[PDB]
Amino acid sequence: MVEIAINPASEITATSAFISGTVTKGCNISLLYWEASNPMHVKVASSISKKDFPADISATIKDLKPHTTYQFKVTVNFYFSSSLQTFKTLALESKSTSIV
């Protein structure tokens, strides 16, 4: 009886990513993210209580492990889960300035 839209992650860096979703048709909405190898170690990008539908939830999750695969979903009222989206962080990278 509820519809959830989840978007692929954008603005992905070595240690951060931007995840978003939308609920279209007092209820809780949460962005839940975790690294692929540890779906138990699950963190919360955002928690909002909108009674107003449709609803947009966004969060720029920081402090991520470089070069690591993460997954995130959107959960409504703690039991109604949407589908998964998958992304992987970048590794650390520098400004190499060679001399020739």
# chains A, B, ... in the order shown; residues from 1 in each chain; ligands from 1

$ closest_atom_pairs --of "region 27-87 of chain A" --to "region 12-20 of chain A" --cutoff "9 Å" --atoms "only C-alpha atoms" --output "CSV"
residue,atom,partner,partner_atom,distance
A:31,CA,A:20,CA,7.6
A:33,CA,A:19,CA,8.9
A:45,CA,A:19,CA,8.2
A:56,CA,A:20,CA,7.7
A:57,CA,A:20,CA,5.8
A:58,CA,A:20,CA,4.4
A:59,CA,A:19,CA,5.8
A:60,CA,A:18,CA,4.2
A:61,CA,A:17,CA,5.5
A:62,CA,A:16,CA,4.4
A:63,CA,A:15,CA,5.4
A:64,CA,A:15,CA,4.4
A:65,CA,A:15,CA,5.9
A:66,CA,A:14,CA,5.0
A:67,CA,A:14,CA,7.0
A:72,CA,A:19,CA,7.7
A:74,CA,A:20,CA,8.5
A:87,CA,A:12,CA,8.4

$ residues_around --residues "residue 48 (chain A)" --least-positions-apart "2" --cutoff "7 Å" --atoms "only C-alpha atoms" --output "CSV table (one decimal) with C-alpha atoms, in the first residue's frame"
chain,number,residue,atom,x,y,z
A,28,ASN,CA,8.6,7.3,9.4
A,29,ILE,CA,11.0,7.4,6.4
A,30,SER,CA,14.6,6.3,6.7
A,46,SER,CA,18.5,10.1,7.3
A,50,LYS,CA,6.5,13.2,7.2

$ select_by_dssp --residues "chain A" --states "strand (DSSP E)" --output "ChimeraX atom specification"
/A:4-10,17-23,27-35,38-50,55-61,69-76,80-81,85-88

$ closest_residue --among "A:55, A:9, A:76, A:44" --to "residue 88 (chain A)" --atoms "only C-alpha atoms"
A:9
